[PDB]
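Trainee: protein_39.tsv is the file, holding TSV, C-alpha atoms and all ligand atoms:
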```
chain	number	residue	atom	x	y	z
A	1	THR	CA	0.00	0.00	0.00
A	2	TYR	CA	0.88	3.68	-0.45
A	3	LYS	CA	-0.06	6.61	1.78
A	4	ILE	CA	-0.01	10.32	0.91
A	5	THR	CA	-0.50	12.80	3.78
A	6	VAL	CA	-1.49	16.32	2.66
A	7	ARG	CA	-1.07	19.56	4.65
A	8	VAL	CA	-2.90	22.61	3.35
A	9	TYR	CA	-1.33	26.08	3.68
A	10	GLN	CA	-3.31	29.22	2.91
A	11	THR	CA	-1.25	32.38	2.61
A	12	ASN	CA	-3.57	35.02	1.12
A	13	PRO	CA	-6.28	36.69	3.24
A	14	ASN	CA	-8.24	37.80	0.14
A	15	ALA	CA	-9.80	34.31	-0.04
A	16	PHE	CA	-10.55	31.26	2.08
A	17	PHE	CA	-10.59	27.84	0.43
A	18	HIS	CA	-12.14	24.71	1.86
A	19	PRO	CA	-12.39	21.10	0.63
A	20	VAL	CA	-15.72	20.28	-1.05
A	21	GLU	CA	-15.02	16.88	-2.62
A	22	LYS	CA	-12.62	13.97	-2.15
A	23	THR	CA	-12.48	11.12	-4.62
A	24	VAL	CA	-10.53	7.87	-5.01
A	25	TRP	CA	-9.77	6.27	-8.38
A	26	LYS	CA	-10.64	2.60	-8.93
A	27	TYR	CA	-7.27	1.04	-9.85
A	28	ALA	CA	-4.88	-0.76	-7.46
A	29	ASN	CA	-7.74	-1.91	-5.19
A	30	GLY	CA	-8.87	1.70	-4.65
A	31	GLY	CA	-8.27	3.41	-1.33
A	32	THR	CA	-9.63	5.84	1.24
A	33	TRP	CA	-9.39	9.53	2.18
A	34	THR	CA	-9.41	10.28	5.90
A	35	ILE	CA	-8.44	13.13	8.24
A	36	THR	CA	-5.83	12.98	11.01
A	37	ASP	CA	-4.63	16.09	12.89
A	38	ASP	CA	-6.25	18.35	10.22
A	39	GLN	CA	-4.28	16.56	7.47
A	40	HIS	CA	-5.86	14.83	4.48
A	41	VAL	CA	-4.57	11.27	4.30
A	42	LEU	CA	-4.95	9.18	1.14
A	43	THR	CA	-4.31	5.45	1.51
A	44	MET	CA	-4.16	3.39	-1.69
A	45	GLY	CA	-4.15	-0.40	-2.14
A	46	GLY	CA	-0.97	-0.29	-4.24
A	47	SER	CA	0.84	1.65	-6.95
A	48	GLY	CA	-1.26	2.80	-9.91
A	49	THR	CA	-4.12	4.88	-8.52
A	50	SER	CA	-4.81	8.38	-7.12
A	51	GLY	CA	-7.24	10.63	-5.27
A	52	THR	CA	-8.51	14.15	-5.96
A	53	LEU	CA	-9.32	16.96	-3.52
A	54	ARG	CA	-11.48	19.80	-4.84
A	55	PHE	CA	-11.35	23.17	-3.07
A	56	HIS	CA	-13.77	26.10	-3.32
A	57	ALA	CA	-13.59	29.69	-2.05
A	58	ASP	CA	-16.37	32.19	-1.21
A	59	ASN	CA	-15.33	34.33	-4.21
A	60	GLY	CA	-16.07	31.54	-6.70
A	61	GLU	CA	-12.50	30.35	-7.25
A	62	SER	CA	-11.90	26.61	-7.25
A	63	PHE	CA	-9.28	24.04	-8.12
A	64	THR	CA	-8.42	20.36	-7.85
A	65	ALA	CA	-5.27	18.89	-6.35
A	66	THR	CA	-4.64	15.27	-7.32
A	67	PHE	CA	-2.12	12.95	-5.68
A	68	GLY	CA	-1.13	9.45	-6.70
A	69	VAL	CA	1.51	6.83	-7.36
A	70	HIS	CA	2.52	5.76	-10.88
A	71	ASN	CA	4.99	2.87	-11.29
A	72	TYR	CA	5.96	3.23	-7.61
A	73	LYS	CA	6.75	6.96	-7.91
A	74	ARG	CA	4.60	9.78	-6.59
A	75	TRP	CA	2.79	12.19	-8.87
A	76	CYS	CA	0.67	15.31	-8.53
A	77	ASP	CA	-1.26	17.81	-10.61
A	78	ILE	CA	-3.42	20.89	-10.14
A	79	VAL	CA	-6.33	21.89	-12.37
A	80	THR	CA	-7.75	25.41	-12.02
A	81	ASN	CA	-10.41	27.57	-13.75
A	82	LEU	CA	-12.94	24.78	-13.14
A	83	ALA	CA	-16.33	24.95	-14.82
A	84	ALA	CA	-19.37	23.95	-12.73
A	85	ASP	CA	-19.50	20.57	-14.53
A	86	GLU	CA	-15.84	19.84	-13.76
A	87	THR	CA	-16.36	18.23	-10.38
A	88	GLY	CA	-13.59	16.35	-8.55
A	89	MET	CA	-14.81	12.96	-9.79
A	90	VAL	CA	-14.75	14.21	-13.40
A	91	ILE	CA	-11.16	15.47	-13.05
A	92	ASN	CA	-9.91	12.36	-11.23
A	93	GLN	CA	-11.11	10.02	-14.01
A	94	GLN	CA	-9.48	12.21	-16.68
A	95	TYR	CA	-5.97	11.21	-15.48
A	96	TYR	CA	-6.63	7.81	-17.06
A	97	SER	CA	-8.38	8.94	-20.26
A	98	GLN	CA	-7.43	12.49	-21.30
A	99	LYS	CA	-4.02	12.98	-22.94
A	100	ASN	CA	-2.78	16.11	-21.13
A	101	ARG	CA	-3.86	14.73	-17.74
A	102	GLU	CA	-2.32	11.31	-18.43
A	103	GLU	CA	0.95	13.01	-19.39
A	104	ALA	CA	0.90	15.06	-16.17
A	105	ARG	CA	0.54	11.84	-14.15
A	106	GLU	CA	3.30	10.15	-16.15
A	107	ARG	CA	5.72	12.98	-15.27
A	108	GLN	CA	5.80	11.63	-11.70
A	109	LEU	CA	6.34	15.11	-10.23
A	110	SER	CA	7.50	15.66	-6.64
A	111	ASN	CA	6.38	19.27	-7.07
A	112	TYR	CA	4.08	21.26	-9.34
A	113	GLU	CA	2.68	24.77	-9.51
A	114	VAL	CA	0.25	26.64	-11.75
A	115	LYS	CA	-1.68	29.95	-11.76
A	116	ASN	CA	-5.41	30.37	-12.43
A	117	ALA	CA	-7.01	33.03	-14.68
A	118	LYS	CA	-7.18	35.45	-11.75
A	119	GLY	CA	-3.41	35.12	-11.20
A	120	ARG	CA	-3.48	33.07	-7.98
A	121	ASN	CA	-0.67	30.53	-7.58
A	122	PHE	CA	-1.18	26.96	-6.32
A	123	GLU	CA	1.69	24.60	-5.50
A	124	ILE	CA	2.19	21.02	-4.34
A	125	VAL	CA	5.53	20.07	-2.79
A	126	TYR	CA	6.27	16.55	-1.52
A	127	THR	CA	8.35	16.98	1.66
A	128	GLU	CA	8.61	13.19	1.97
A	129	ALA	CA	8.98	12.26	-1.65
A	130	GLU	CA	10.15	8.63	-1.82
A	131	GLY	CA	8.90	5.24	-0.59
A	132	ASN	CA	5.44	4.19	0.62
A	133	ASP	CA	4.83	6.90	3.23
A	134	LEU	CA	4.58	10.13	1.26
A	135	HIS	CA	3.94	13.65	2.57
A	136	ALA	CA	2.98	16.76	0.58
A	137	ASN	CA	2.24	20.42	1.19
A	138	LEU	CA	-0.52	22.12	-0.77
A	139	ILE	CA	0.27	25.83	-0.75
A	140	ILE	CA	-2.40	28.30	-1.85
A	141	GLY	CA	-1.25	31.78	-2.91
B	1	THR	CA	-30.29	25.18	-5.41
B	2	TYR	CA	-31.06	22.08	-3.34
B	3	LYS	CA	-29.42	21.23	-0.02
B	4	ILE	CA	-29.37	17.85	1.73
B	5	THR	CA	-28.18	17.71	5.36
B	6	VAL	CA	-27.15	14.24	6.57
B	7	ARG	CA	-26.88	13.07	10.18
B	8	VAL	CA	-25.08	9.77	10.75
B	9	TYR	CA	-26.32	7.45	13.50
B	10	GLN	CA	-24.05	4.52	14.33
B	11	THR	CA	-26.06	2.17	16.52
B	12	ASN	CA	-23.93	-0.98	16.76
B	13	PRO	CA	-20.70	-0.97	18.81
B	14	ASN	CA	-19.41	-4.11	17.00
B	15	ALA	CA	-17.98	-1.90	14.22
B	16	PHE	CA	-17.09	1.73	13.55
B	17	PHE	CA	-17.60	3.30	10.13
B	18	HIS	CA	-16.10	6.56	8.92
B	19	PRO	CA	-16.42	8.54	5.67
B	20	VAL	CA	-13.63	7.80	3.19
B	21	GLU	CA	-14.91	9.47	0.02
B	22	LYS	CA	-17.31	12.29	-0.85
B	23	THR	CA	-18.18	12.81	-4.53
B	24	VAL	CA	-20.39	15.19	-6.53
B	25	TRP	CA	-21.93	14.40	-9.92
B	26	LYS	CA	-21.46	16.88	-12.78
B	27	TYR	CA	-25.09	17.61	-13.76
B	28	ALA	CA	-27.12	20.65	-12.63
B	29	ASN	CA	-23.98	22.81	-12.19
B	30	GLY	CA	-22.51	20.26	-9.77
B	31	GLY	CA	-22.29	21.06	-6.09
B	32	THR	CA	-20.27	20.77	-2.90
B	33	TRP	CA	-19.97	18.57	0.20
B	34	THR	CA	-19.25	20.42	3.44
B	35	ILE	CA	-19.44	19.79	7.19
B	36	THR	CA	-21.42	21.85	9.70
B	37	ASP	CA	-21.86	20.72	13.34
B	38	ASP	CA	-20.77	17.12	12.49
B	39	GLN	CA	-23.39	16.92	9.70
B	40	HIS	CA	-22.58	16.21	6.06
B	41	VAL	CA	-24.14	18.89	3.87
B	42	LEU	CA	-24.59	18.49	0.12
B	43	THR	CA	-25.48	21.57	-1.92
B	44	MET	CA	-26.42	21.14	-5.58
B	45	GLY	CA	-26.96	23.72	-8.35
B	46	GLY	CA	-30.44	22.45	-9.20
B	47	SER	CA	-32.45	19.26	-9.71
B	48	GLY	CA	-30.84	16.32	-11.53
B	49	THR	CA	-27.59	15.62	-9.71
B	50	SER	CA	-26.35	13.86	-6.57
B	51	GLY	CA	-23.45	13.15	-4.23
B	52	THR	CA	-22.05	9.92	-2.81
B	53	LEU	CA	-20.57	9.29	0.64
B	54	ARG	CA	-18.53	6.10	0.99
B	55	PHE	CA	-18.02	4.71	4.50
B	56	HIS	CA	-15.48	2.12	5.64
B	57	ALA	CA	-15.09	0.12	8.87
B	58	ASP	CA	-11.75	-1.27	10.11
B	59	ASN	CA	-13.22	-4.80	9.97
B	60	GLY	CA	-13.40	-4.43	6.16
B	61	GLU	CA	-17.11	-3.61	5.75
B	62	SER	CA	-18.08	-0.67	3.55
B	63	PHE	CA	-20.98	0.94	1.72
B	64	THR	CA	-22.02	3.94	-0.35
B	65	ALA	CA	-24.89	6.25	0.56
B	66	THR	CA	-26.00	8.43	-2.35
B	67	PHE	CA	-28.29	11.45	-1.98
B	68	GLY	CA	-29.71	13.62	-4.73
B	69	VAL	CA	-32.68	15.29	-6.35
B	70	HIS	CA	-34.48	13.83	-9.36
B	71	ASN	CA	-37.34	15.71	-11.01
B	72	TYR	CA	-37.52	18.11	-8.03
B	73	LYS	CA	-37.91	15.34	-5.45
B	74	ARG	CA	-35.26	13.78	-3.20
B	75	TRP	CA	-33.81	10.36	-3.88
B	76	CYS	CA	-31.42	8.00	-2.13
B	77	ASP	CA	-29.76	4.63	-2.58
B	78	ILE	CA	-27.28	2.42	-0.74
B	79	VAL	CA	-24.79	0.06	-2.35
B	80	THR	CA	-22.86	-2.42	-0.25
B	81	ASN	CA	-20.67	-5.53	-0.64
B	82	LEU	CA	-18.38	-3.20	-2.57
B	83	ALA	CA	-15.54	-4.68	-4.59
B	84	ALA	CA	-12.15	-2.96	-4.24
B	85	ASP	CA	-12.65	-1.27	-7.66
B	86	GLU	CA	-16.07	0.09	-6.69
B	87	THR	CA	-15.01	3.39	-5.20
B	88	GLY	CA	-17.53	6.16	-4.44
B	89	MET	CA	-16.81	7.96	-7.71
B	90	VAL	CA	-17.47	4.73	-9.65
B	91	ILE	CA	-20.82	4.21	-7.92
B	92	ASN	CA	-21.90	7.85	-8.22
B	93	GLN	CA	-21.44	7.88	-12.02
B	94	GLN	CA	-23.37	4.61	-12.40
B	95	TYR	CA	-26.61	6.35	-11.38
B	96	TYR	CA	-26.51	8.08	-14.78
B	97	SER	CA	-25.67	5.14	-17.08
B	98	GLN	CA	-26.25	1.75	-15.40
B	99	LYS	CA	-29.94	0.85	-15.76
B	100	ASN	CA	-30.56	-0.71	-12.30
B	101	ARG	CA	-28.95	2.32	-10.59
B	102	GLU	CA	-30.88	4.74	-12.82
B	103	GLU	CA	-34.12	3.01	-11.82
B	104	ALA	CA	-33.24	3.26	-8.10
B	105	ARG	CA	-32.62	7.00	-8.54
B	106	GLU	CA	-35.84	7.57	-10.51
B	107	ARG	CA	-37.89	5.96	-7.72
B	108	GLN	CA	-37.30	9.20	-5.73
B	109	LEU	CA	-37.21	7.33	-2.42
B	110	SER	CA	-37.36	9.28	0.83
B	111	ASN	CA	-36.63	6.04	2.71
B	112	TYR	CA	-34.47	3.04	1.80
B	113	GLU	CA	-32.71	0.20	3.58
B	114	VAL	CA	-30.55	-2.76	2.54
B	115	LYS	CA	-28.32	-5.43	4.14
B	116	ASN	CA	-24.74	-6.46	3.39
B	117	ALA	CA	-23.50	-10.07	3.21
B	118	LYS	CA	-22.69	-9.99	6.94
B	119	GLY	CA	-26.33	-9.14	7.68
B	120	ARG	CA	-25.75	-5.52	8.71
B	121	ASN	CA	-28.60	-3.12	7.92
B	122	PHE	CA	-28.08	0.35	6.43
B	123	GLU	CA	-30.90	2.88	6.18
B	124	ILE	CA	-31.47	6.36	4.81
B	125	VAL	CA	-34.61	8.20	5.91
B	126	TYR	CA	-35.44	11.80	5.03
B	127	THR	CA	-36.98	13.44	8.10
B	128	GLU	CA	-37.70	16.56	6.06
B	129	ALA	CA	-38.50	15.15	2.64
B	130	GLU	CA	-40.01	18.19	0.88
B	131	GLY	CA	-38.74	21.33	-0.82
B	132	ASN	CA	-35.21	22.63	-1.31
B	133	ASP	CA	-33.89	22.21	2.26
B	134	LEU	CA	-33.83	18.47	2.81
B	135	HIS	CA	-32.77	16.54	5.92
B	136	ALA	CA	-31.89	12.87	6.22
B	137	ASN	CA	-30.63	10.37	8.77
B	138	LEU	CA	-28.17	7.71	7.73
B	139	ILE	CA	-28.60	4.87	10.23
B	140	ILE	CA	-25.96	2.16	10.48
B	141	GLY	CA	-27.15	-1.11	12.07
C	1	LIG	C1	-4.20	26.60	-15.71
C	1	LIG	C2	-4.35	25.16	-15.32
C	1	LIG	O1	-4.92	24.86	-14.26
C	1	LIG	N1	-3.82	24.27	-16.16
C	1	LIG	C3	-3.96	22.83	-15.98
C	1	LIG	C4	-2.59	22.22	-15.67
C	1	LIG	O2	-2.15	22.65	-14.40
C	1	LIG	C5	-2.64	20.69	-15.72
C	1	LIG	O3	-1.34	20.16	-15.57
C	1	LIG	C6	-3.26	20.23	-17.04
C	1	LIG	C7	-3.32	18.71	-17.19
C	1	LIG	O4	-4.11	18.12	-16.17
C	1	LIG	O5	-4.57	20.78	-17.15
C	1	LIG	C8	-4.58	22.20	-17.23
C	1	LIG	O6	-5.91	22.64	-17.37
C	2	LIG	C1	-26.95	-5.32	-1.43
C	2	LIG	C2	-26.89	-4.04	-2.22
C	2	LIG	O1	-26.09	-3.16	-1.91
C	2	LIG	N1	-27.73	-3.93	-3.25
C	2	LIG	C3	-27.76	-2.75	-4.11
C	2	LIG	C4	-29.12	-2.05	-4.00
C	2	LIG	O2	-29.30	-1.52	-2.71
C	2	LIG	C5	-29.20	-0.91	-5.01
C	2	LIG	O3	-30.49	-0.34	-4.99
C	2	LIG	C6	-28.86	-1.43	-6.42
C	2	LIG	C7	-28.95	-0.36	-7.50
C	2	LIG	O4	-28.12	0.74	-7.19
C	2	LIG	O5	-27.54	-1.97	-6.39
C	2	LIG	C8	-27.44	-3.12	-5.56
C	2	LIG	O6	-26.12	-3.62	-5.66
```
What would you get if you wrote out this structure as structure tokens?
Ligand SMILES: CC(=O)N[C@@H]1[C@@H](O)[C@H](O)[C@@H](CO)O[C@H]1O
Ligand SMILES: CC(=O)N[C@@H]1[C@@H](O)[C@H](O)[C@@H](CO)O[C@H]1O

Mentor:
Amino acid sequence: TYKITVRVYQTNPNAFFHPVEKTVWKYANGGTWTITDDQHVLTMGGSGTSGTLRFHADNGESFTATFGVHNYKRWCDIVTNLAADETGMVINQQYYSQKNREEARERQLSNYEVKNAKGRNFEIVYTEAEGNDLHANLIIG
Amino acid sequence: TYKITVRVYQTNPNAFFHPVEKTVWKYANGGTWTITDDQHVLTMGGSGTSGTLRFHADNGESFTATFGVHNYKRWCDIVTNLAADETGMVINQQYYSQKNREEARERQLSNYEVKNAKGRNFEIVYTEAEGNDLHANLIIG
């Protein structure tokens, strides 16, 4: 099994984001999202699956942060500028069907950042980036 | 918009279930799962969508409880004896393509119960079953 423990950092007082969806993809015997000490903990049955957290702010901004393991190496991606019909479960499935998402997963990134249309930065950084007990920061700008 | 507020009653000390996935379907401008006063709150953009909570117990038992609005009336369904590849997001999507799930949704039930292979009962009952501010108990046997 693989575990990814996620700590969320919010740095900008002009918004407040909160989790509104948490999904687990069906490969590698699935998995579970739970909470321990205010951290989001994804446990997966083996290498080859992932889970997505969707966040929403009062001002209408939203994004997904997806975490997984591909051929025993961690990966992550952020999708911003979400339309109302781009829920977390829609995005999570796309990592195994849609070319640009698949390629993001295949990059096996220990860190990734992107800006939305409003210019806000979002970053994931794995602070424990190897082995079966993985830890990442999600930093919202 | 439609809101469904869910209170979880665990009645049997021989197991302990906790939520491990919370998904939102893409129709009707999607929606959001949040928590207020230990209650799971689903808000949806209009009629025609739903959200799934998956629960897991440390003895290996699990189930999905899905809540939504179909043709302006609440619906619910429970799926248990889940295979490892039947995550919450898998089940949630099935309500919009798999005929038996579609039919369960279209029944617009305000009350439903079912047993798993171990003989445990699971029940959803809407205590406020009318209008746009809906309230349900999820009762674990
Ligand atoms: C601006 C933005 O969010 N771009 C995302 C990018 O971060 C992601 O790597 C890619 C593939 O999933 O999808 C894009 O929509
Ligand atoms: C034992 C069990 O979970 N049976 C479920 C039933 O409750 C549900 O109405 C139906 C359609 O979704 O799918 C079955 O697998």

Trainee: Hey, which residues sit close to ligand LIG 2 (chain C)? Say within 9 Å, counting all atoms listed in the file, and write them as a VMD selection string.

Mentor: chain B and resid 63 to 64 76 to 82 91 94 to 95 98 to 105 112 to 117

Trainee: Can you work out the spacing between atom CA of residue A:45 and atom CA of residue A:132 in Å, to one decimal?

Mentor: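 Separation of atom CA of residue A:45 and atom CA of residue A:132: 11.0 Å.
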
Trainee: Atom CA of residue B:93 and atom CA of residue B:26, how far apart in Å?

Mentor: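 Rounded to one decimal, the two atoms are 9.0 Å apart.
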
Trainee: Put the listed atoms of ligand LIG 1 (chain C) in a box along x, y and z with 8 Å added on every side and give me the centre and edge lengths in Å to one decimal, as JSON.

Mentor:
```
{"center_x": -3.6, "center_y": 22.4, "center_z": -15.8, "size_x": 20.6, "size_y": 24.5, "size_z": 19.1}
```

Trainee: Report chain B as a short mmCIF file (atom, residue, chain, number, x, y, z; two decimals) with C-alpha atoms, in the coordinates of the input in the frame of chain A, after least-squares superposition over all C-alpha atoms paired in order.

Mentor:
```
data_model
loop_
_atom_site.label_atom_id
_atom_site.label_comp_id
_atom_site.auth_asym_id
_atom_site.auth_seq_id
_atom_site.Cartn_x
_atom_site.Cartn_y
_atom_site.Cartn_z
CA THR B 1 -0.07 0.10 0.16
CA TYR B 2 0.91 3.74 -0.41
CA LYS B 3 -0.06 6.63 1.85
CA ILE B 4 0.04 10.34 1.02
CA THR B 5 -0.39 12.85 3.88
CA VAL B 6 -1.36 16.37 2.78
CA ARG B 7 -0.95 19.58 4.79
CA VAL B 8 -2.80 22.63 3.47
CA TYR B 9 -1.17 26.05 3.81
CA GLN B 10 -3.40 29.02 3.02
CA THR B 11 -1.13 32.05 2.76
CA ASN B 12 -3.36 34.80 1.36
CA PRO B 13 -6.09 36.36 3.54
CA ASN B 14 -7.92 37.75 0.45
CA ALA B 15 -9.75 34.41 0.06
CA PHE B 16 -10.53 31.26 2.04
CA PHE B 17 -10.63 27.85 0.38
CA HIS B 18 -12.15 24.70 1.84
CA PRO B 19 -12.38 21.09 0.61
CA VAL B 20 -15.66 20.33 -1.16
CA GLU B 21 -14.96 16.93 -2.72
CA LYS B 22 -12.62 14.01 -2.06
CA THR B 23 -12.49 11.20 -4.65
CA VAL B 24 -10.59 7.92 -5.07
CA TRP B 25 -9.83 6.26 -8.40
CA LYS B 26 -10.73 2.58 -8.87
CA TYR B 27 -7.34 1.09 -9.86
CA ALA B 28 -4.93 -0.71 -7.48
CA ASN B 29 -7.78 -1.83 -5.16
CA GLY B 30 -8.87 1.79 -4.68
CA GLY B 31 -8.28 3.52 -1.38
CA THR B 32 -9.62 5.93 1.21
CA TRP B 33 -9.41 9.61 2.19
CA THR B 34 -9.34 10.30 5.93
CA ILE B 35 -8.42 13.14 8.29
CA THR B 36 -5.84 12.97 11.08
CA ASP B 37 -4.73 16.11 13.00
CA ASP B 38 -6.20 18.43 10.29
CA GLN B 39 -4.22 16.60 7.56
CA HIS B 40 -5.81 14.91 4.55
CA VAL B 41 -4.57 11.33 4.31
CA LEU B 42 -4.92 9.23 1.17
CA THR B 43 -4.28 5.50 1.42
CA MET B 44 -4.14 3.43 -1.77
CA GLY B 45 -4.02 -0.35 -2.30
CA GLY B 46 -0.88 -0.20 -4.43
CA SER B 47 0.78 1.76 -7.24
CA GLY B 48 -1.34 3.01 -10.14
CA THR B 49 -4.19 4.97 -8.59
CA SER B 50 -4.86 8.42 -7.12
CA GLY B 51 -7.26 10.69 -5.25
CA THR B 52 -8.54 14.19 -5.96
CA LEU B 53 -9.31 16.98 -3.49
CA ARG B 54 -11.43 19.83 -4.85
CA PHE B 55 -11.29 23.17 -3.01
CA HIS B 56 -13.70 26.10 -3.31
CA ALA B 57 -13.54 29.71 -2.09
CA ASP B 58 -16.64 31.85 -1.38
CA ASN B 59 -15.45 34.35 -4.02
CA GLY B 60 -16.03 31.64 -6.67
CA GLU B 61 -12.44 30.44 -7.18
CA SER B 62 -11.76 26.70 -7.15
CA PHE B 63 -9.21 24.06 -8.07
CA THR B 64 -8.43 20.36 -7.91
CA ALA B 65 -5.30 18.91 -6.33
CA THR B 66 -4.67 15.30 -7.34
CA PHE B 67 -2.18 13.01 -5.60
CA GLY B 68 -1.22 9.48 -6.56
CA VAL B 69 1.45 6.92 -7.29
CA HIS B 70 2.50 5.99 -10.82
CA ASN B 71 5.07 3.26 -11.43
CA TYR B 72 6.01 3.28 -7.71
CA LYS B 73 6.75 7.02 -7.62
CA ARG B 74 4.53 9.86 -6.41
CA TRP B 75 2.76 12.19 -8.80
CA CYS B 76 0.64 15.31 -8.52
CA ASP B 77 -1.29 17.76 -10.67
CA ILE B 78 -3.47 20.84 -10.21
CA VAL B 79 -6.38 21.85 -12.42
CA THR B 80 -7.98 25.25 -12.04
CA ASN B 81 -10.40 27.58 -13.88
CA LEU B 82 -12.88 24.76 -13.39
CA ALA B 83 -16.16 24.86 -15.28
CA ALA B 84 -19.30 24.04 -13.25
CA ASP B 85 -19.41 20.53 -14.83
CA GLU B 86 -15.78 19.81 -13.92
CA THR B 87 -16.31 18.30 -10.50
CA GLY B 88 -13.52 16.44 -8.67
CA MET B 89 -14.78 13.04 -9.83
CA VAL B 90 -14.74 14.25 -13.46
CA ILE B 91 -11.14 15.46 -13.16
CA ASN B 92 -9.92 12.38 -11.29
CA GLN B 93 -11.15 9.99 -14.01
CA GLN B 94 -9.54 12.10 -16.76
CA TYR B 95 -6.06 11.14 -15.53
CA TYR B 96 -6.75 7.66 -16.95
CA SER B 97 -8.23 8.54 -20.37
CA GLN B 98 -7.53 12.17 -21.38
CA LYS B 99 -4.05 12.32 -22.95
CA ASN B 100 -2.83 15.66 -21.48
CA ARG B 101 -3.86 14.54 -17.96
CA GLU B 102 -2.29 11.11 -18.47
CA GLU B 103 0.97 12.80 -19.46
CA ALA B 104 0.89 15.03 -16.35
CA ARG B 105 0.43 11.93 -14.18
CA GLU B 106 3.21 9.97 -15.93
CA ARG B 107 5.68 12.80 -15.27
CA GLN B 108 5.72 11.62 -11.61
CA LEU B 109 6.19 15.16 -10.31
CA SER B 110 7.13 15.70 -6.67
CA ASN B 111 6.60 19.44 -7.18
CA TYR B 112 4.12 21.36 -9.34
CA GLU B 113 2.59 24.82 -9.46
CA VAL B 114 0.08 26.62 -11.69
CA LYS B 115 -1.94 29.88 -11.75
CA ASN B 116 -5.65 30.50 -12.26
CA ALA B 117 -7.12 33.27 -14.44
CA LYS B 118 -7.14 35.64 -11.45
CA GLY B 119 -3.38 35.14 -11.07
CA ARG B 120 -3.51 33.06 -7.89
CA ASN B 121 -0.74 30.47 -7.52
CA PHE B 122 -1.34 26.90 -6.33
CA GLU B 123 1.52 24.55 -5.46
CA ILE B 124 2.01 20.96 -4.39
CA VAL B 125 5.42 19.98 -3.02
CA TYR B 126 6.27 16.58 -1.55
CA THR B 127 8.51 17.13 1.48
CA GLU B 128 8.98 13.37 1.79
CA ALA B 129 8.98 12.23 -1.82
CA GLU B 130 10.28 8.65 -1.50
CA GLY B 131 8.88 5.26 -0.52
CA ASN B 132 5.41 4.25 0.63
CA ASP B 133 4.83 6.94 3.29
CA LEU B 134 4.65 10.17 1.34
CA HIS B 135 4.14 13.71 2.65
CA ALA B 136 3.11 16.80 0.71
CA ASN B 137 2.25 20.45 1.28
CA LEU B 138 -0.53 22.05 -0.70
CA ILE B 139 0.23 25.78 -0.72
CA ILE B 140 -2.47 28.24 -1.73
CA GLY B 141 -1.18 31.67 -2.86
#
```

Trainee: Excluding same-chain residues fewer than 4 positions from residue A:27, what lies within 10 Å of it counting only C-alpha atoms, as a VMD selection string?

Mentor: (chain A and resid 31 44 to 50 96) or (chain B and resid 84 to 87)

Trainee: If you take only C-alpha atoms and a cut-off of 8 Å, which residues of stretch 12-44 of chain B touch stretch 22-25 of chain A, and what are their nearest atom pairs and distances in Å to one decimal, in chain and number order, as a Markdown table?

Mentor:
```
| residue | atom | partner | partner_atom | distance |
| --- | --- | --- | --- | --- |
| B:21 | CA | A:23 | CA | 5.5 |
| B:22 | CA | A:22 | CA | 5.1 |
| B:23 | CA | A:23 | CA | 5.9 |
```

Trainee: Would you mind listing what lies within 8 Å of residue A:134 as a ChimeraX atom specification, with all atoms listed in the file counted and same-chain residues fewer than 6 positions away left out?

Mentor: /A:2-5,74,126-128

Trainee: Interatomic distance between atom CA of residue B:33 and atom CA of residue A:125?

Mentor: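 Computing the Euclidean distance for atom CA of residue B:33 and atom CA of residue A:125 yields 25.7 Å.
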
Trainee: What's the 12 Å shell around residue B:58, counting all atoms listed in the file, without same-chain residues fewer than 3 positions away, as an NGL selection string?

Mentor: (:A and (32)) or (:B and (14-20 or 55 or 61-62))

Trainee: Which is closer to chain A than all the others in B:131, B:68, B:60, B:13, using all atoms listed in the file?

Mentor: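 Closest to chain A, using all atoms listed in the file: B:60.
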
Trainee: Tell me which of A:137, A:10, A:59, A:52 sits closest to ligand LIG 1 (chain C), counting all atoms listed in the file.

Mentor: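 Residue with the minimum atom-to-atom distance to ligand LIG 1 (chain C): A:52.
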
Trainee: Identify which of the residues B:109, B:124, B:35, B:6 lies closest to chain A, counting all atoms listed in the file when measuring atom-to-atom distances.

Mentor: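 Of B:109, B:124, B:35, B:6, the one nearest chain A, counting all atoms listed in the file, is B:35.
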
Trainee: Which of these residues is nearest to chain B, using all atoms listed in the file: A:39, A:67, A:34, A:140?

Mentor: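 Ranked by minimum distance to chain B, first place goes to A:34.
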
Trainee: For chain A, which residue among B:89, B:37, B:57, B:1 is the nearest when counting all atoms listed in the file?

Mentor: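 Between B:89, B:37, B:57, B:1, the residue approaching chain A most closely is B:89.
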